[PDB]
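Working notes, structure below.
Counting begins at 1 with the first residue of the sequence. Whatever order the structure lists them in is the order used to number ligands and atoms, beginning at 1.
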Amino acid sequence: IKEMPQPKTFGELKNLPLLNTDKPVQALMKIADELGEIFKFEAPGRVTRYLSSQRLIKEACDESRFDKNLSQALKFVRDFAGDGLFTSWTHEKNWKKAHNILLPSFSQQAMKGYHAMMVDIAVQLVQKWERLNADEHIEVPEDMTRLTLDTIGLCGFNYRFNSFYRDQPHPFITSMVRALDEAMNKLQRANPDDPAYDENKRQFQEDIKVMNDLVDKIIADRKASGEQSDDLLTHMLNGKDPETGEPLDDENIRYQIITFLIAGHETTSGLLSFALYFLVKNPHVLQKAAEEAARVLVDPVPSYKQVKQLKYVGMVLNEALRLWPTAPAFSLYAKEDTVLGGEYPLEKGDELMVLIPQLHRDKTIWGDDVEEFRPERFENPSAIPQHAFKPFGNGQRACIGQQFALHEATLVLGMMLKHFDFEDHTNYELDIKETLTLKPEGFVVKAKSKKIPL
Ligand code: HEM
Ligand SMILES: O=C(O)[C@H](Cc1ccccc1)NC(=O)[C@@H]1CCCN1C(=O)OCc1ccccc1
Ligand SMILES: C[C@H](N)c1ccccc1
């Protein structure tokens with residue numbers, strides 16, 4: 001039994017001003033490097049503890065001992081995501097209900113049904129790049145977000161955002177991004193009292209109304225037509241929870257749609273961006289990956305079966321998730337009084353934060369080379385210890401979208417590597433923008449077509 005280290009303090013603000021930065025996760029990563037596997041973090045009326053070691057995170061991941069907590073970031077996202085899967089407590093009736101209805105829609109099996117629609121968007125990405133002139137470059141995060149948003153639109157609700165036809169966002173996305181922006185900015189802030197932030201508050205209320213009206217219309221216009229298009233919206237309108245026997249009500253369905261639209265703008269787009277970054281910075285790896293893409297994707301249109309064969313492309317994506325897990329933290333609470341790691345006594349209710357990028361750098365798991373991009377670490381998936389690798393979180397509150405994310409990222413990265421050579425023509429310096437998620441800002445490449453017909 002021993003006392004926790006704590007980073008530097010600002011009198012009565014405690015540690016809060018440490019979050020007065022547009023890169024809080026990165027600042028928390030540098031604090032973990034200084035203080036080690038566990039530190040205390042206090043704000044006025046709040047105390048959490050950041051975990052960085054596999055030794056302590058394997059205990060936090062014990063579902064008999066700890067459950068999902070909504071962090072301050074999750075409570076602010078709930079103002080527009082409501083009791084959707086990502087922002088609901090495990091004990092809220094709508095969590096288990098929604099989880100049991102949607103779990104079949106997100107299985108490895110359901111991916112065979114989404115495949116055609118994903119390919120439709122991936123082919124739009126490849127044609128865009130095939131049609132660039134010699135002088136031009138690729139804005140990598142911008143194009144990946146166009147792809148992932150369009151993919152979740154079409155598979156989710158049979159809606160085309162047509163992001164490859166635009167350089168200005170949909171009225172929904174403007175509100176959605178501006179809501180999320182306001183939600184992360186609030187973390188550091190003084191209070192919800194300053195008249196200054198009323199304008200930020202006014203705007204936030206108009207954005208919640210805009211997202212709510214446009215998604216409530218979508219539900220309404222789909223119940224209008226009676227059409228049964230095999231999409232998440234159909235599954236949610238017809239689907240019945242086997243426990244309660246009930247379907248979701250229209251309000252919860254609107255919350256699920258908002259939740260899914262954010263995920264598929266903010267997470268998979270980041271994975272693909274990091275993955276391409278590590279590939280252009282590691283030529284030997286790009287070469288192994290492009291060899292597999294060219295051998296496997298022998299048809300102009302990739303099949304489900306062919307994407308499952310891209311083992312090494314899978315390993316690249318897992319290595320990108322290891323260094324830069326795009327949803328970098330999740331929050332837990334003690335269900336009862338308990339002792340963490342034989343050393344840190346917690347009371348019932350006490351909060352933990354899992355710093356996933358730090359977990360993924362634990363030299364006692366991964367060796368001394370933790371900063372190296374080596375997809376070969378993942379050649380043998382049973383060599384990875386339990387709870388050493390948690391990019392999709394933990395237990396029943398893990399990412400429902402995991403197989404959807406990996407199928408889309410494997411398909412698209414497969415096709416990119418099949419169709420183009422890539423040049424890091426600016427020698428890009430990694431600059432990680434923090435929203436809810438991580439993305440590489442300003443990441444630009446050139447592609448040189450291999451002139452393979454679609
Ligand atoms: C590479 C992409 C993604 C990563 C790294 C990721 C990561 C995560 C993680 C770490 C959690 C746990 C959060 C927590 O404990 O607070 C989570 C939950 C969730 N994710 Fe994802 N995600 C990704 C893509 C997606 C996609 C594409 C969707 C939807 C189509 C999605 C939907 C969700 C939902 C609904 C939850 C809450 C599930 C529940 O608790 O019942 N995610 N994700
Ligand atoms: O939101 C929190 O409670 C903490 C930050 C905090 C604020 C006030 C007092 C004490 C701690 N959040 C976090 O540690 C991290 C860093 C910034 C975002 N974040 C987070 O966990 O956001 C929720 C989230 C959403 C989506 C994906 C991962 C994580
Ligand atoms: C990280 C998680 N997959 C997420 C879910 C919904 C909205 C934003 C993020």
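Contact annotation for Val25 and ligand 2: only side-chain heavy atoms (C-beta onward) come within less than 4.0 Å of the ligand. Contacts with ligand 2 closer than 4.0 Å are made by no heavy atom of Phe330, backbone or side chain. At a heavy-atom distance under 4.0 Å, no atom of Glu408 approaches ligand 1. Residue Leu436 touches ligand 3 through its side chain alone, judged by heavy-atom distances below 4.0 Å. Proximity of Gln72 to ligand 2, defined as any heavy-atom pair under 4.0 Å, is shared by backbone and side chain alike. Residue contacts with ligand 2, taken as heavy atom pairs separated by less than 4.0 Å, involve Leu19 solely via side-chain atoms from C-beta onward.
With hydrogens left out, the protein atom closest to atom 8 (C) of ligand 2 is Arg46 NH1, 3.5 Å, a heavy atom. In terms of protein heavy-atom proximity, atom 28 (C) of ligand 2 is closest to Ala329 O, 2.9 Å. Of the protein's non-hydrogen atoms, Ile400 CG2, 3.8 Å is the one closest to atom 34 (C) of ligand 1. Counting only heavy atoms of the protein, atom 12 (N) of ligand 2 lies nearest to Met353 CE, 4.0 Å. Nearest protein heavy-atom neighbour of atom 3 (N) of ligand 3: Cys399 SG, 4.3 Å. In terms of protein heavy-atom proximity, atom 21 (Fe) of ligand 1 is nearest to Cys399 SG, 2.2 Å. For atom 15 (O) of ligand 1, the closest heavy atom belonging to the protein is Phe330 CB, 3.2 Å. Remark: minimum distance from atom 37 (C) of ligand 1 to any protein heavy atom is reached at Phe86 CA, 3.5 Å. Here the protein heavy atom with the shortest distance to atom 12 (C) of ligand 1 is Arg397 O, 3.6 Å. Of the protein's non-hydrogen atoms, the one nearest atom 5 (C) of ligand 3 is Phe86 CG, 3.3 Å. In this structure, the protein non-hydrogen atom closest to atom 18 (C) of ligand 2 is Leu187 CD1, 4.3 Å. The closest protein non-hydrogen atom to atom 1 (C) of ligand 3 is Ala327 CB, 3.5 Å. Among protein heavy atoms, atom 30 (C) of ligand 1 sits closest to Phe106 CE2, 3.6 Å.
Using bins of under 30°, 30° to 60° and over 60° for the plane-to-plane angle, the ring pair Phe274/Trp324 lands in the parallel bin. Between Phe172 and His170, the ring planes are perpendicular. Angles over 60° get that label, and only those under 30° would be called parallel. Using bins of under 30°, 30° to 60° and over 60° for the plane-to-plane angle, the ring pair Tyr50/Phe39 lands in the parallel bin. In this structure, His99 and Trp95 have parallel ring planes: the angle between them is below the 30° cut-off, well short of the 60° mark.
Atom CG of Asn252 and atom CG of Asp83 lie 4.5 Å apart (nearest 0.5 Å).
Shown in contact with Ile262 at under 4.0 Å from a heavy atom are these atoms of ligand 3, numbered in order with element: 7 (C), 8 (C). Atom numbering of ligand 1 starts at 1 in the shown order; those under 4.0 Å from a heavy atom of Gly393 are 10 (C). Atoms of ligand 1 lying under 4.0 Å from any heavy atom of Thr268, numbered from 1 in the order shown and given with element: 2 (C), 27 (C). Set against the non-hydrogen atoms of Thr259, the atoms of ligand 3 under 4.0 Å away are 6 (C), 7 (C). Listed by number with element, the atoms of ligand 1 under 4.0 angstrom from any heavy atom of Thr267 are 2 (C), 3 (C), 4 (C), 5 (C), 6 (C), 22 (N), 23 (C), 24 (C). Using a 4.0 Å cut-off to heavy atoms of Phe41, the atoms of ligand 2 that qualify are 10 (C). Of all atoms in ligand 1, listed by their number and element, those nearer than 4.0 Å to a heavy atom of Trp95 are 39 (C), 40 (O), 41 (O). Interface atoms of ligand 2 facing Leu436, defined by a heavy-atom separation under 4.0 Å, are 25 (C), 26 (C), 27 (C). Per-residue contacts place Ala327 under 4.0 angstrom from the following atoms of ligand 2 (heavy atoms of the residue considered): 27 (C), 28 (C). Against a heavy-atom cut-off of under 4.0 Å, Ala73 is close to the following atoms of ligand 2: 1 (O), 2 (C), 22 (O), 23 (C). Short contacts between ligand 2 and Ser71, defined as distances under 4.0 Å to a heavy atom of the residue, involve ligand atoms 1 (O), 2 (C), 3 (O), 23 (C). Listed by number with element, the atoms of ligand 1 under 4.0 angstrom from any heavy atom of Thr326 are 5 (C). Near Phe86, meaning under 4.0 Å from any of its heavy atoms, are these atoms of ligand 2: 25 (C), 26 (C).
For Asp231 (side chain) and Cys155 (main-chain N/O), no donor-acceptor pair under 3.5 Å exists by modelled atom type. Within the 3.5 Å criterion, the main-chain N or O of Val285 finds no donor-acceptor partner in the side chain of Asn282.
Cation-pi geometry between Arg361 and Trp366 is not met: the NZ or CZ atom fails to fall both under 6.0 Å from the ring centre and inside 45° of the normal. Cation-pi geometry between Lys186 and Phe76 is met: the NZ or CZ atom falls under 6.0 Å from the ring centre, inside 45° of the normal. Judged by the 6.0 Å and 45° rule, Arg189 forms a cation-pi pair with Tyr197.
For the residue pair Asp150 and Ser163, a side-chain donor N or O sits within less than 3.5 Å of a side-chain acceptor on the partner. A donor-acceptor contact closer than 3.5 angstrom is absent between the side chains of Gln54 and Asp362. Side chains of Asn394 and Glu63: no donor on one and acceptor on the other come within 3.5 Å. In the model, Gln396 has no side-chain atom that pairs as donor or acceptor with a side-chain atom of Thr90 under 3.5 Å.
In this structure, the side chains of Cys61 and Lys390 come closer than 4.5 Å at one or more pairs of heavy atoms. At a threshold of 4.5 Å between non-hydrogen side-chain atoms, the residues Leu74 and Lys68 count as touching. Side-chain contact check for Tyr304 versus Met111: some heavy-atom pair is nearer than 4.5 Å.
Results of the side chain to side chain donor-acceptor pair (under 3.5 Å) test with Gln6 over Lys14, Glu42, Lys40 single out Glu42 as the only residue that passes.
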Report the C-alpha distance between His407 and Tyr114 in whole Å, list the side-chain angles of each, state the deciding distance to 0.1 Å, and finish with yes or no for ring-ring contact (aromatic ring centres under 6.0 Å, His included). CA-CA 9 Å; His407 195 76; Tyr114 297 131; 9.3 Å; no
Step by step, would you call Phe260 with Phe106 a ring-ring contact (aromatic ring centres under 6.0 Å, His included)? CA-CA 12 Å; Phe260 297 152; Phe106 279 105; 5.6 Å; yes
Please step through salt bridge (charged side-chain N to carboxylate O under 4.0 Å, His left out) for the pair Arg178 and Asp207, ending with a clear verdict. CA-CA 7 Å; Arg178 187 161 52 215; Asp207 287 344; 2.9 Å; yes
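With distances taken over non-hydrogen atoms, the option nearest atom 7 (C) of ligand 1 out of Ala409, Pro391, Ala398, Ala263 is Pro391.
For the pair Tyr50 and ligand 2, the shortest N or O to N or O distance falls below 3.5 Å. The shortest N or O to N or O distance between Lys68 and ligand 1 is under 3.5 Å.
The closest approach between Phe76 and ligand 2 stays at or above 4.0 Å for every heavy atom of the residue.
Within 4.0 Å of atom 22 (O) of ligand 2, at least one protein heavy atom is present.
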